[PDB]
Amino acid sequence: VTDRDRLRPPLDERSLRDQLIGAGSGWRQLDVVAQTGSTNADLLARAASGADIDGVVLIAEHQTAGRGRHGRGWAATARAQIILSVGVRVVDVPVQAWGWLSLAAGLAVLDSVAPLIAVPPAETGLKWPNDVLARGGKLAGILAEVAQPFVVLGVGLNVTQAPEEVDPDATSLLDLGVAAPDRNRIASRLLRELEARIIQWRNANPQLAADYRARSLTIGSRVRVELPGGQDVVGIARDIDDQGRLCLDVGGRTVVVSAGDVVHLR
């Protein structure tokens, strides 16, 4: 709505750089662009042209051709979200562990906005694999894409984004009760949390898996998992394995899923 536009001041690039670039911080480069097609596509293009995108941060005020998992889109309007992509060098890490990098990102996003909520409503946590939920609504979506030797981590976090603007099952910090969300503070918290989780992932820290399970909305729930190819599997989510894959209990049989869409059942 037009009223929410007043609640959407521009990001401060200079200030974010002062806070996030320098001693004690792994981020080497940060840019805020007014608009782009897809921040993920941009960092992928940079890498494909020889640039070292490790520790590089790209933030867009607006994204006109956003991308979701397996061919889907991501909708946004100007200054209503935190829209960023991050480059991570991964070649030094075994390929089996790359799946955990995306789980780590969602954990970082959740922890960056969790205390801003007045009281924990039902369904505030992480849905496997790339979903930050709050009150059942999708608060943020994570997209990891490969460009050797890097992985580009993308985050779309609904700050003041109205569900009617993007998606019916969406929610935002504003629609959760946060009156005047400051994207500068939130982005700063987010990238600081993200830095910690990436280091943890890179060093195979046990705390990463433990912290994920503690915030998982999926583990322990009856779920319908829509597999790639259109097949549905119904069971009970039990655990995450060492590759970040979802372990399903289907009537006593174990089904391990590497990718798919999860729906929490009654």
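If you superpose the two forms and keep the largest set of C-alpha atoms that fall within 1.5 Å, you have the rigid core. Residue indices: 1-based, along the sequence shown.
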Higher C-alpha RMS shift from the shown form in 8 other deposited structures of this protein - 192 to 200 or 121 to 129, rigid core fit: 121 to 129
17 to 25 versus 249 to 257 - greater average Cα B-factor per the deposited record: 17 to 25
Given 159 to 167 and 113 to 121, the range whose Cα B-factors average higher in the PDB entry: 113 to 121
C-alpha B-factor winner, where the candidates are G87, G137, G106, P94: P94
Options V146, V132, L173, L194 - largest CA temperature factor per the record: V146
Ranked against its chain, the third holding the CA B-factor of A179: highest
Cα B factor band for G141 (lowest, middle or highest third within the chain): lowest
Where the record places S49 (Cα B-factor, split into thirds across the chain): highest
Modelled-residue ranking by C-alpha temperature factor, third containing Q81: lowest
Lowest, middle or highest third - CA B-factor, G71: highest
